[PDB]
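Participant: Protein chains in written order, with the deposited numbering: chain BD, 2 to 200; chain BP, 1 to 81; chain BL, 63 to 123; chain BQ, 58 to 141.
We put the beta carbon where it would ideally sit given N, CA and C, even for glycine.
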Amino acid sequence: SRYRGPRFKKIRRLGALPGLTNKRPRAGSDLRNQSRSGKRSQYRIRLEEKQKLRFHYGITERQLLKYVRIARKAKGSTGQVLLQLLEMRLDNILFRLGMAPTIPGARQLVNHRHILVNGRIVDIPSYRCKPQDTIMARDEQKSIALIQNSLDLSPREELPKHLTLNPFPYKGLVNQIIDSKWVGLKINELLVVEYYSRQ
Amino acid sequence: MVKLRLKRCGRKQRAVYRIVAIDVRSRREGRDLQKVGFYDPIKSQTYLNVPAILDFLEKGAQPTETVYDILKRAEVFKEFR
Amino acid sequence: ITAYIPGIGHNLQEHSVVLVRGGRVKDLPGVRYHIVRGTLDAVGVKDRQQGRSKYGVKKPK
Amino acid sequence: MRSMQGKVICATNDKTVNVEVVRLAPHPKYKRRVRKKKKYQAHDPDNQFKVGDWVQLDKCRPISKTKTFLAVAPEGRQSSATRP
RNA sequence: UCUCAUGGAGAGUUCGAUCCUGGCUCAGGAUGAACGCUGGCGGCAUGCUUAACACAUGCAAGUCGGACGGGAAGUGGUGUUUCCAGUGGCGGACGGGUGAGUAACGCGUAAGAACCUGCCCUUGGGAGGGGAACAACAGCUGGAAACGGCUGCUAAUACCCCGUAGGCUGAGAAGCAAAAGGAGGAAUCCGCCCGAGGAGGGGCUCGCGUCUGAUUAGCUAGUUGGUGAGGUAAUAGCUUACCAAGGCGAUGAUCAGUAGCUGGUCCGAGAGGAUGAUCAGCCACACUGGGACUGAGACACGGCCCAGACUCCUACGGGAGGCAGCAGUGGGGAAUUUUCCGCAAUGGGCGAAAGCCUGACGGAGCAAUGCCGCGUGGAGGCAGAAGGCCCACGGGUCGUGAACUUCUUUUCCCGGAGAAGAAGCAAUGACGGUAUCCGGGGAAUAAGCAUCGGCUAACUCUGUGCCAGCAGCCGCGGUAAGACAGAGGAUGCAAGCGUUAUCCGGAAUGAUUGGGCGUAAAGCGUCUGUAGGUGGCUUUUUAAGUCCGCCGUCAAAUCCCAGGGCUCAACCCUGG
Ligand SMILES: [Mg+2]
Ligand SMILES: [Mg+2]
Ligand SMILES: [Mg+2]
Ligand SMILES: [Mg+2]
Ligand SMILES: [Mg+2]
Ligand SMILES: [Mg+2]
Ligand SMILES: [Mg+2]
Ligand SMILES: [Mg+2]
Ligand SMILES: [Mg+2]
Ligand SMILES: [Mg+2]
Ligand SMILES: [Mg+2]
Ligand SMILES: [Mg+2]
Ligand SMILES: [Mg+2]
Ligand SMILES: [Mg+2]
Ligand SMILES: [Mg+2]
Ligand SMILES: [Mg+2]
Ligand SMILES: [Mg+2]
Ligand SMILES: [Mg+2]
Ligand SMILES: [Mg+2]
Ligand SMILES: [Mg+2]
Ligand SMILES: [Mg+2]
Ligand SMILES: [Mg+2]
Ligand SMILES: [Mg+2]
Ligand SMILES: [Mg+2]
Ligand SMILES: [Mg+2]
Ligand SMILES: [Mg+2]
Ligand SMILES: [Mg+2]
Ligand SMILES: [Mg+2]
Ligand SMILES: [Mg+2]
Ligand SMILES: [Mg+2]
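The structure is reproduced here in structure tokens:
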């Protein structure tokens, strides 16, 4: 139920994924293989747009396809409502705040009981955090060090408007609902809906 | 005979009952005609609408052992007679 | 009825118990059934790695 | 509306009159109103009815096998013979 | 510039080529699933669709001694007391299981009149006086056994009569009808008899809806209708005698075949199609058939009688039994589970009470059967090397992948702590030292399956040479195979992946919505006309259809919206 594989192997072919890792590829390997690939089919273009969501969030098709049903039930902009469910995931929120260098790295912190929400432990990376929800670490120096090391050993990216940070607890807070234009990944959401038109 | 008892409906090892008036010979999950309460031991919450319950007790409805205890903690018997 | 022997090589002979499934072979008129390899008496295909579940063959180790 | 009218054909039997009832109802697949027919048996102890007459039916306790109605006069009619 | 609308995708194949028409095939989703390869945990559910085939063993309905007589045990063979074979009372018609039969008031929905109803509730009046029996028991006696036979004794909330009556019969006069006592410092509760009501439950009738076939067209004779005499809790040819000749049907009678129905489940843009597992309600059946007793209630799964088939015991004279109850065995079949714990909770029966019983139910165990959720490591990794494959022989790819360095421990191992569920002062927990929490150790315990000719995302090399073989369709292979097999690599899924089977969709391919009949399949050879369908204009009547406003109902669960609770989800709950 997890990738556990190389990531540059897909980034050469797929696109760009700041969520997975801020590192970049090295080599434009060969002009030969680019001549081998050449053009792309329309189904492939809709396919590759879907795969970007499978990596940027660390999600399965079964887990993803469930969210598609919730968006279809929700009225208006089913493509936008989809990202409202993915961006509100706990694994993304702990990442966009900057408490981990990678979303897989953040998923590990959630799994080993290092974070609590509103005074209670949460052992689910797929937890949907509502507006006005507090996110704090535990009291152990091990837990405090991992988040403290993430906020200290490298520069910090500018945060959104819908997220804050109190450096005295090293915590965060969700203000309101995201806008579709504040996604952390260049997306064409309409193509994704066109892919799941059959299902 | 009409009787005031409670049926089970919930998850395994998490009992969540509801009070209801039905015939005795009918099974536990029998056809209902008036639901007149809700109860669980874990959370210990109770709505227990009194105007419907008194309608049956006047007509000869006999509570069970625990439903008698639930109504005993309430003051319905003093207004019933 | 009559069935088809998929795969390469087989040990079946008269008075043997097989297990039949669906599927027809267009090239052979009249044949409308396939047997399962890796069953009561039909053994898996020898020296087969790719598409190994469709013939009832243990994984090498 | 409530009860069923009908024509009183085949009134030969004693203290009884066969009655033909007609109704219209839409077809469920195609939604067209079709004229269906169904017969009944009623009783007139006075024998005040004969073939060619218009009669109304009422529910009552059963008198015999298949005869479970009572013949009465019609309530709402539109004779209106030669009105201005 | 409002709002509504969250919803309809195609592709290949006839030809030398094109436009059409028309079939076949595929991409989707689902399953009571099965098989193949593989396999870490947890949560909620599910688990004989076939032989309604036959069944070893154990259990699944008992209870009251505060209804009665006797008997046994114990004690200080003395009082209290404990146990019960029998008489008597209630329950054994609920609950559980199974869909064989059933095409019709069986089911669903919506109404009715000619009825019953123990236990519960409410209410008006009563219980006076006598007698006779069968059990048990005692004696004798027949049997291999199961079970008896005879002779005598005995109690009762068991039996019988008399007396009384707000009831029954009848036009009336008149005639008839009951009861039981038990416990007790005596207030006095549990009960009994008659009568009138309430609720629930059940019986009966009716409107509407309720599969296929016309190469089944005539069917019925107690059959349709009445009277009289019957009969049922009650209406009814429910039964019978006589009389009348009606009754059903080509809008499908009758006959034949199929099938449990429904809430709902799956698919679908919708209209609608298919379907009736788990859950819930009704009906029906209980080895195959028939019949009745008992009771308020049955024509009774674990009750009785008879016949038939089968199985078991036998001392051969004669007896016993019905898992379509739980678990389990044999057999059939591709295929579906422990001969488990407990009445702690829920519910049911008996009892004044204490308490007894409850294979219902609540739990555990087996299975990846399904749905949901979390892992099988994160970060960094300069340069270079071994190794696999490919090459235009320079290199490229596998590949930041690995090695290596640090960090963490869901899970794993060790050691402690430890519930809620219990309602009822306290005690009362099958599950269970279960969930859950704390501490220590340490990347340590964990990824595979299919595909890579086009539909269809993903490619080369070697080997083979119309061979071996692939394939859902078109079709590939005959010496440079992107279609076979192997290798490397890639793509798509993921503790699952694929194959097969079944239903829907795609399929506008039965075209109400939504097709066509000049030549592609399709206008009777033609005309007259019955039933049937439709029908010019104008003014009125009625309000059946139709439209609007209110009332009742279509259970709950499920679906839809909102809210809440399990660390999230599935899922559970509240409200609408
Ligand atoms: Mg999963
Ligand atoms: Mg051609
Ligand atoms: Mg069966
Ligand atoms: Mg008593
Ligand atoms: Mg006894
Ligand atoms: Mg009784
Ligand atoms: Mg008398
Ligand atoms: Mg008859
Ligand atoms: Mg008559
Ligand atoms: Mg059947
Ligand atoms: Mg359609
Ligand atoms: Mg049998
Ligand atoms: Mg019985
Ligand atoms: Mg039995
Ligand atoms: Mg069984
Ligand atoms: Mg119990
Ligand atoms: Mg109980
Ligand atoms: Mg027992
Ligand atoms: Mg399997
Ligand atoms: Mg790594
Ligand atoms: Mg392609
Ligand atoms: Mg193949
Ligand atoms: Mg070659
Ligand atoms: Mg190949
Ligand atoms: Mg169609
Ligand atoms: Mg056509
Ligand atoms: Mg022609
Ligand atoms: Mg033609
Ligand atoms: Mg004509
Ligand atoms: Mg409902």
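Suppose the cutoff is 6 Å on Cβ atoms and the five residues either side in sequence are ignored; what does the same chain contact list for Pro83/BQ look like?
Facilitator: Here the set comprises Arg90.
Participant: Mark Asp124/BD as exposed unless 16 or more other C-beta atoms lie within 10 angstroms of its C-beta, in which case mark it buried.
Facilitator: exposed
Participant: DSSP state of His77/BL, grouped into three classes?
Facilitator: coil
Participant: To which residues of the same chain is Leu48/BP closer than 6 Å at the C-beta, ignoring the five residues directly before and after it?
Facilitator: For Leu48/BP, where only same-chain residues beyond five positions count, the Cβ hits under 6 Å are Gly37.
Participant: Spatial neighbours of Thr101/BL within its chain, please: CB distance less than 6 Å, with the 5 preceding and 5 following residues excluded, ordered by chain position.
Facilitator: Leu81
Participant: What does the alpha-carbon distance come out to for the pair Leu84/BD and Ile148/BD?
Facilitator: 26 Å
Participant: Along the chain, where does the beta strand (DSSP E) containing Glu77/BQ start, and where does it finish?
Facilitator: 74-83
Participant: Residue range of the alpha helix (DSSP H) that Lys187/BD falls in?
Facilitator: Premise fails: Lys187/BD is in no alpha helix (DSSP H) and is neither H nor E.
Participant: To the nearest angstrom, how far is the alpha carbon of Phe106/BQ from that of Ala68/BQ?
Facilitator: 8 Å
Participant: Can you tell me where the beta strand (DSSP E) holding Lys172/BD begins and where it ends?
Facilitator: Per DSSP, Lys172/BD belongs to the beta strand (DSSP E) from 172-175.
Participant: Just tell me which of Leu154/BD, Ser151/BD, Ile179/BD has its CA closest to the CA of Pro161/BD.
Facilitator: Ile179/BD
Participant: When we look at the beta-carbon of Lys53/BD and count the other beta-carbons within 10 Å, is it buried (16 or more) or exposed?
Facilitator: By the neighbour-count definition (other C-beta atoms within 10 Å, threshold 16), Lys53/BD is a buried residue.
Participant: Starting from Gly63/BQ, follow the beta strand (DSSP E) in both directions and report where the run begins and ends.
Facilitator: 62-64
Participant: As a quick exercise: from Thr64/BL, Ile63/BL, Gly69/BL, pick the residue whose alpha carbon is nearest that of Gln112/BL.
Facilitator: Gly69/BL
Participant: Check the C-beta distance from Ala15/BP over to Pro41/BP and give it rounded, since I have them as a contact under 8 Å.
Facilitator: Separation of the CB atoms of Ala15/BP and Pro41/BP is rounded to 7 Å, and the pair is thereby assigned contact status at 8 Å.
Participant: Between which two residues does the beta strand (DSSP E) harbouring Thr135/BD extend?
Facilitator: Looking at the DSSP string, the run of the beta strand (DSSP E) that includes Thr135/BD is 135-138.
Participant: Looking at the structure shown, is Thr125/BQ part of a helix, part of a strand, or coil, going by DSSP?
Facilitator: strand
Participant: Taking the C-alpha atoms as reference points, what is the distance between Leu48/BD and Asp89/BL?
Facilitator: 36 Å
Participant: Using CA coordinates, which residue listed in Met61/BQ, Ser60/BQ, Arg59/BQ, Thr125/BQ is at the minimum distance from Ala99/BQ?
Facilitator: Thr125/BQ
Participant: Select from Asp103/BL, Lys120/BL, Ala104/BL the residue whose C-alpha is nearest the C-alpha of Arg110/BL.
Facilitator: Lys120/BL
Participant: Provide the residue span of the beta strand (DSSP E) that contains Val50/BP, from first to last.
Facilitator: Not the beta strand (DSSP E): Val50/BP falls in the alpha helix (DSSP H), residues 50-57.
Participant: Just the Cα atoms here: how many angstroms apart are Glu29/BP and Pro85/BQ?
Facilitator: 36 Å
Participant: Could you tell me which uninterrupted alpha helix (DSSP H) segments, each at least 4 residues in length, are contained entirely in the segment 57-97 of chain BD, listed from first to last along the chain?
Facilitator: 62-74, 79-88, 91-97
Participant: Using DSSP's beta-bridge definition, name the partner residues of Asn150/BD.
Facilitator: DSSP, once it has assigned bridges, lists no residue as partnering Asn150/BD.
Participant: Report the option in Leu152/BD, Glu159/BD, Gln133/BD, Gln81/BD whose CA atom is closest to the CA atom of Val175/BD.
Facilitator: Closest option to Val175/BD, Cα to Cα, is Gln133/BD.
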